[PDB]
Amino acid sequence: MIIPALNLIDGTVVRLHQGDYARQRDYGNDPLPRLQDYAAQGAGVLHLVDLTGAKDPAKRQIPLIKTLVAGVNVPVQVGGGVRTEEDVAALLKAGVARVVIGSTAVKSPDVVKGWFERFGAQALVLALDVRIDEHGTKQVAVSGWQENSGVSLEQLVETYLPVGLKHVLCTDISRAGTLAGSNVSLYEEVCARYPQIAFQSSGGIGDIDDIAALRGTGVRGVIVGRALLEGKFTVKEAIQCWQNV
Ligand SMILES: NC(=O)c1ncn([C@@H]2O[C@H](COP(=O)(O)O)[C@@H](O)[C@H]2O)c1/N=C/N[C@@H]1O[C@H](COP(=O)(O)O)[C@@H](O)[C@H]1O
């Protein structure tokens with residue numbers, strides 16, 4: 001499944017280089033027609049990150065997210081700044097298909113385990129976004145990726161498997177927003193080690209060949225952000241690539 005992504009800062013569509021808030025490129029303040037064009041090209045799922053909320057959970061763009069979710073007729077997943085059980089419930093009530101959770105899943109696993117019991121594993125996506133160190137450890141970043149948790153992707157996956165973890169979004173932060181290509185070896189590895197998890201690849205797609213390159217990894221979703229904003233290819237072309245590979 002190709003999953004087009006938009007990232008939002010104070011109403012504006014942005015790209016961050018490797019998630020660095022000091023390295024923005026701006027793409028206007030009309031995300032809704034963008035999403036609607038993605039849906040008309042065939043997108044089956046859409047992904048939204050509230051970057052303002054990820055940086056400060058008190059400043060989440062809640063009215064805007066509601067407007068975007070209500071404005072398309074395909075499932076939308078939303079992340080960025082979610083901290084409480086009430087946060088999750090409100091997003092689901094507003095029509096969000098899946099809520100994406102990074103920071104709190106690392107910091108408070110007892111709490112997030114209770115969310116799995118309440119909402120079900122189909123409603124939650126864990127964002128296990130990583131900076132891979134020189135030893136190979138896949139260290140998960142938190143707080144809008146501004147902090148290194150010092151906890152490995154695998155430790156966190158094993159933490160939530162017994163409560164039915166099903167969906168994981170895994171960004172290679174070094175690739176995010178760079179057009180350099182996604183980390184094929186990373187997804188080959190993690191998908192094979194956890195066949196019961198539906199992984200979404202994330203970060204780095206630069207052209208259609210980069211999508212084709214993921215064909216044998218086993219990922220269930222392919223997130224694409226910057227390349228679609230820059231028009232390297234269309235959603236229609238991306239979908240055709242993934243269907244055929
Ligand atoms: N600093 C950051 O950029 C950042 N910080 C947090 N997130 C997301 O916020 C959510 C977690 O927020 P918390 O629960 O920690 O508050 C998750 O969705 C994280 O991935 C961030 N993700 C931003 N953008 C994603 O980066 C990838 C870029 O792809 P590309 O263009 O094709 O190269 C895509 O997955 C984009 O959606």
# chains A, B, ... in the order shown; residues from 1 in each chain; ligands from 1
>>> closest_atom_pairs(of="stretch 153-184 of chain A", to="stretch 108-131 of chain A", cutoff="10 Å", atoms="only C-alpha atoms", output="JSON lines")
{"residue": "A:153", "atom": "CA", "partner": "A:128", "partner_atom": "CA", "distance": 6.0}
{"residue": "A:154", "atom": "CA", "partner": "A:128", "partner_atom": "CA", "distance": 9.2}
{"residue": "A:156", "atom": "CA", "partner": "A:128", "partner_atom": "CA", "distance": 7.9}
{"residue": "A:157", "atom": "CA", "partner": "A:128", "partner_atom": "CA", "distance": 8.5}
{"residue": "A:159", "atom": "CA", "partner": "A:109", "partner_atom": "CA", "distance": 7.7}
{"residue": "A:160", "atom": "CA", "partner": "A:113", "partner_atom": "CA", "distance": 7.2}
{"residue": "A:162", "atom": "CA", "partner": "A:113", "partner_atom": "CA", "distance": 9.5}
{"residue": "A:163", "atom": "CA", "partner": "A:113", "partner_atom": "CA", "distance": 6.7}
{"residue": "A:164", "atom": "CA", "partner": "A:121", "partner_atom": "CA", "distance": 6.0}
{"residue": "A:165", "atom": "CA", "partner": "A:121", "partner_atom": "CA", "distance": 5.8}
{"residue": "A:166", "atom": "CA", "partner": "A:121", "partner_atom": "CA", "distance": 6.0}
{"residue": "A:167", "atom": "CA", "partner": "A:125", "partner_atom": "CA", "distance": 4.8}
{"residue": "A:168", "atom": "CA", "partner": "A:126", "partner_atom": "CA", "distance": 4.8}
{"residue": "A:169", "atom": "CA", "partner": "A:127", "partner_atom": "CA", "distance": 4.7}
{"residue": "A:170", "atom": "CA", "partner": "A:129", "partner_atom": "CA", "distance": 4.9}
{"residue": "A:171", "atom": "CA", "partner": "A:129", "partner_atom": "CA", "distance": 4.5}
{"residue": "A:172", "atom": "CA", "partner": "A:130", "partner_atom": "CA", "distance": 5.4}
{"residue": "A:173", "atom": "CA", "partner": "A:131", "partner_atom": "CA", "distance": 5.8}
{"residue": "A:174", "atom": "CA", "partner": "A:131", "partner_atom": "CA", "distance": 6.7}
{"residue": "A:175", "atom": "CA", "partner": "A:131", "partner_atom": "CA", "distance": 9.8}
>>> residues_around(residues="stretch 1-13 of chain A", least_positions_apart="4", cutoff="8 Å", atoms="only C-alpha atoms", output="short mmCIF file (atom, residue, chain, number, x, y, z; two decimals) with C-alpha atoms, in the first residue's frame")
data_model
loop_
_atom_site.label_atom_id
_atom_site.label_comp_id
_atom_site.auth_asym_id
_atom_site.auth_seq_id
_atom_site.Cartn_x
_atom_site.Cartn_y
_atom_site.Cartn_z
CA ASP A 26 7.60 25.13 2.56
CA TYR A 27 4.76 23.86 0.32
CA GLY A 28 1.85 26.22 0.93
CA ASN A 29 -1.05 26.32 3.36
CA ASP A 30 -3.65 24.33 1.41
CA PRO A 31 -3.20 20.70 2.52
CA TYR A 38 -3.85 12.15 -3.74
CA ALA A 43 -4.39 6.56 -2.60
CA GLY A 44 -5.92 3.98 -0.27
CA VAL A 45 -4.54 5.42 2.99
CA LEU A 46 -3.18 8.89 3.87
CA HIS A 47 -0.73 9.83 6.61
CA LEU A 48 -0.61 13.14 8.53
CA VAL A 49 2.01 14.34 11.00
CA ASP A 50 1.24 17.32 13.23
CA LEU A 51 4.82 18.60 13.55
CA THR A 52 3.77 21.55 15.70
CA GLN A 61 -3.42 21.51 15.41
CA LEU A 64 -7.05 21.49 11.21
CA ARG A 220 2.83 -3.67 4.13
CA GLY A 221 2.89 0.09 3.62
CA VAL A 222 5.26 2.49 1.88
CA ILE A 223 5.16 6.06 3.17
CA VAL A 224 6.09 8.73 0.64
CA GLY A 225 6.37 12.42 1.53
CA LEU A 228 5.33 13.59 -4.07
CA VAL A 235 0.64 8.85 -6.75
CA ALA A 238 3.69 4.94 -7.37
CA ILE A 239 0.62 2.71 -6.95
CA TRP A 242 3.71 -1.27 -6.08
#
>>> closest_residue(among="A:16, A:190, A:99, A:72", to="ligand 1", atoms="only C-alpha atoms and all ligand atoms")
A:16
>>> closest_residue(among="A:62, A:74, A:14, A:100", to="ligand 1", atoms="only C-alpha atoms and all ligand atoms")
A:100
>>> select_by_dssp(residues="stretch 97-198 of chain A", states="helix (DSSP H, G or I)", output="MDAnalysis selection string")
chainID A and resid 103:107 109:119 121:123 153:163 184:193
>>> closest_residue(among="A:56, A:195, A:36, A:15", to="residue A:227", atoms="only C-alpha atoms")
A:15
>>> atom_distance(atom1="atom 33 (O, counted along the ligand's line) of ligand 1", atom2="atom CA of residue A:149")
21.6 Å
>>> select_by_dssp(residues="stretch 121-228 of chain A", states="strand (DSSP E)", output="PyMOL selection string")
chain A and resi 124-127+130-132+138-142+147-152+167-171+198-202+221-224
>>> atom_distance(atom1="atom CA of residue A:101", atom2="atom CA of residue A:191")
19.5 Å
>>> closest_residue(among="A:203, A:71, A:79, A:150", to="residue A:183", atoms="only C-alpha atoms")
A:203
>>> residues_around(residues="residue A:187", least_positions_apart="3", cutoff="9 Å", atoms="only C-alpha atoms", output="PDB file with N, CA and C atoms, in the first residue's frame")
ATOM      1  N   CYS A 170       8.194   2.605  10.776  1.00  0.00           N
ATOM      2  CA  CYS A 170       9.613   2.663  11.090  1.00  0.00           C
ATOM      3  C   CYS A 170      10.328   3.571  10.102  1.00  0.00           C
ATOM      4  N   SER A 182      15.037   4.818   0.472  1.00  0.00           N
ATOM      5  CA  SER A 182      14.676   4.238   1.767  1.00  0.00           C
ATOM      6  C   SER A 182      15.696   3.173   2.170  1.00  0.00           C
ATOM      7  N   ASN A 183      15.711   2.808   3.447  1.00  0.00           N
ATOM      8  CA  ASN A 183      16.708   1.857   3.936  1.00  0.00           C
ATOM      9  C   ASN A 183      16.226   0.428   3.712  1.00  0.00           C
ATOM     10  N   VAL A 184      16.471  -0.090   2.515  1.00  0.00           N
ATOM     11  CA  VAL A 184      16.006  -1.424   2.134  1.00  0.00           C
ATOM     12  C   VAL A 184      16.459  -2.534   3.102  1.00  0.00           C
ATOM     13  N   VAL A 190      13.811  -6.270   9.566  1.00  0.00           N
ATOM     14  CA  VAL A 190      12.766  -6.217  10.577  1.00  0.00           C
ATOM     15  C   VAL A 190      11.515  -6.964  10.130  1.00  0.00           C
ATOM     16  N   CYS A 191      11.173  -6.896   8.845  1.00  0.00           N
ATOM     17  CA  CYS A 191       9.983  -7.603   8.378  1.00  0.00           C
ATOM     18  C   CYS A 191      10.130  -9.106   8.511  1.00  0.00           C
ATOM     19  N   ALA A 192      11.345  -9.613   8.291  1.00  0.00           N
ATOM     20  CA  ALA A 192      11.592 -11.039   8.371  1.00  0.00           C
ATOM     21  C   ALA A 192      11.619 -11.509   9.821  1.00  0.00           C
ATOM     22  N   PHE A 199       4.633  -3.695   8.873  1.00  0.00           N
ATOM     23  CA  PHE A 199       5.534  -2.550   8.887  1.00  0.00           C
ATOM     24  C   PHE A 199       5.229  -1.578   7.767  1.00  0.00           C
ATOM     25  N   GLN A 200       5.310  -0.299   8.092  1.00  0.00           N
ATOM     26  CA  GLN A 200       5.281   0.771   7.091  1.00  0.00           C
ATOM     27  C   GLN A 200       6.680   1.338   6.937  1.00  0.00           C
ATOM     28  N   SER A 201       7.263   1.231   5.744  1.00  0.00           N
ATOM     29  CA  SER A 201       8.552   1.870   5.485  1.00  0.00           C
ATOM     30  C   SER A 201       8.349   3.373   5.438  1.00  0.00           C
ATOM     31  N   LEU A 214      11.856  -1.767  -2.738  1.00  0.00           N
ATOM     32  CA  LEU A 214      11.286  -2.297  -1.495  1.00  0.00           C
ATOM     33  C   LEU A 214      10.427  -3.540  -1.756  1.00  0.00           C
ATOM     34  N   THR A 217      10.899  -6.773   0.440  1.00  0.00           N
ATOM     35  CA  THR A 217      11.179  -6.592   1.864  1.00  0.00           C
ATOM     36  C   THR A 217      10.112  -7.189   2.762  1.00  0.00           C
ATOM     37  N   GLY A 218       8.866  -7.149   2.299  1.00  0.00           N
ATOM     38  CA  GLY A 218       7.745  -7.601   3.096  1.00  0.00           C
ATOM     39  C   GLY A 218       6.988  -6.484   3.801  1.00  0.00           C
ATOM     40  N   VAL A 219       7.325  -5.227   3.525  1.00  0.00           N
ATOM     41  CA  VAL A 219       6.604  -4.119   4.168  1.00  0.00           C
ATOM     42  C   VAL A 219       5.168  -4.111   3.662  1.00  0.00           C
TER      43      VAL A 219
END
>>> closest_residue(among="A:88, A:70, A:151, A:241", to="ligand 1", atoms="only C-alpha atoms and all ligand atoms")
A:88
>>> closest_residue(among="A:133, A:147, A:158, A:86", to="ligand 1", atoms="only C-alpha atoms and all ligand atoms")
A:147
>>> atom_distance(atom1="atom CA of residue A:63", atom2="atom CA of residue A:98")
17.4 Å
>>> residues_around(residues="residue A:96", least_positions_apart="5", cutoff="9 Å", atoms="only C-alpha atoms", output="ChimeraX atom specification")
/A:66,69-70,75-78,90-91,123
